[PDB]
Structures are given as C-alpha cells and as structure tokens.
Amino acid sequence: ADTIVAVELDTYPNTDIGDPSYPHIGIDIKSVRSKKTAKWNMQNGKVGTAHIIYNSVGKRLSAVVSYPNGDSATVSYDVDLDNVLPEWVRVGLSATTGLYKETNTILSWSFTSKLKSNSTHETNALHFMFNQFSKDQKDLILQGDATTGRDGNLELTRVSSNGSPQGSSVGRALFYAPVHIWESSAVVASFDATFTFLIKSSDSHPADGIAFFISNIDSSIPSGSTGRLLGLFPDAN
C-alpha cells in the first residue's frame, strides 16, 4: 500500500468508519480515520480557503479552513513527518462523491517546500502557484474524473454539462515534479500549502469532500476509494 498523509475537509459524516456526526476537518496519517478532527460548518455555494502548515522544528502539522465573513475551523496534530513519510514524494488534491454528491472545485492551489541544512545557506526550495488551471496543464498529473480548463478552474470530481455534480465520482491532481520533503542533514524541513474551493451541492446532503495529500511518487487512486474513502485509501481500516 501507499503511504498517505492528508488534511481532509469532510462534508459527509460516515460514522461507521469513525467520522464524527458533523461535517469536519481532520488530519489523516495512513488511515481514513483521522488522528484529529474539528467540527466544520461549511457554507454551501461559497468560496472557502484552506491553509496547511508544517515545520520540522515544532513538529506540529496544522490546518485552518475559512470563508469570507466568517467562521473558521482549526485542527492541529503533533507529529514528526521524518518518521511517517518517505524522503521523496508527490503532493496532490483528491475528491470523491458517493451515493451523495457535490461539486468539488479548485479555484487556486499553491505549495512551498523548504529544506534548510546545517551548512550555509544552504536552501533547497520548490514553490508553485496556480491561480488558475488551463485546459492542457502539463505540470499537473490528473487522475480519474479530474479535469481542468472549465471556467479556468479545476474539477476534481465529474461534473455534467449543466454544472451538476455526479455520484460515485473520484478524481485527483498531483504536481508533476517529485518534492524532496525531508533530508537527514536538513535542520529545517518545512512546507506551506494553500487552496481555494467551491463546494456546491443540490440535495440536503453533500458528499464526500476534498483533501490535500502527500504520498509516494508513484501513488495512484486505490480501488473502491470513491465516496467515503475520498480517493486516498483502499480500506476504511
């Protein structure tokens, strides 16, 4: 199996797999069952923003989601990713729809990764920013139902010609280049991520959500990962 570390924005509360009864954000290490969660009040048809942060020093992974206005949900989990993730990875965005559906749409995505060693300087860095996604995006690796170019946006899960979400959909987008996410000689290994999202659904129950993830370079959508598994895991275990 792949190694996966993800921050999830969970619209659908699948409780039999361990999810809280409320839409929630959570931190996932190698399991669909978050190590930490926070109640999230999503505003249907609104553009939200998610900031994720980690530094090798404080060894605390953090995430915050917020809207204009407005309310915000914060979740933090103490971990040292040196001991979780492999040295090289790929980063990505993943979304699904189960029996219940919704529009999972990325307006913008940015990422920064810094390795600061004990030498001088010495800084290795990777930073990219998408404030929009063209029709043929070469620095993005698209998987499943994920497509770009529509209104300059990125649609993770299948959407019809009228702008209607689809059920049992899964899609993902990984950055083309592999990222060096830590090294043995780096005194500081840090990363920042940010994205904006529009989740719009029709029925009273949208599902299942959006997630930012880090996985081994060859990572791909596991089998039967639509709906509640959010595309990131083969099993709810």
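Throughout, we count residues from 1 along the sequence that is shown.
Legend entry - Mean Cα B-factor comparison, 183 to 191 or 202 to 210, giving the higher one as deposited: On average, C-alpha B-factors are higher across 202 to 210.
Inset, instruction - Output the stretch having the higher mean C-alpha B factor in the entry; the candidates are 133 to 141 and 67 to 75. - result: It is 67 to 75.
Legend entry - Candidate set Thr112, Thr157, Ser108, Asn124 [ranked by C-alpha B-factor, highest]: Most elevated C-alpha B-factor of the set, per the entry: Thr157.
Inset, instruction - Sorting the chain's modelled residues by C-alpha B-factor, tell me whether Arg90 ends up in the lowest, middle or highest third. - result: It falls in the bottom third of the chain.
Inset, instruction - Relative to the other modelled residues of the same chain, rank the CA B-factor of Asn55 and answer lowest, middle or highest third. - result: As the PDB entry reports it, the C-alpha B-factor of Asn55 lands in the middle third of its chain.
Inset, instruction - Would you please rank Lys39 by its C-alpha temperature factor against the other modelled residues of its chain and give the third it falls in: lowest, middle or highest? - result: As the PDB entry reports it, the C-alpha B-factor of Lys39 lands in the middle third of its chain.
Inset, instruction - Quick one: classify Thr15 as lowest, middle or highest third of the chain based on its Cα B-factor. - result: Highest third, going by the recorded CA B-factors of the chain.
Legend entry - For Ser21, the third of its chain into which the C-alpha B factor falls: CA B-factor rank for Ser21: highest third.
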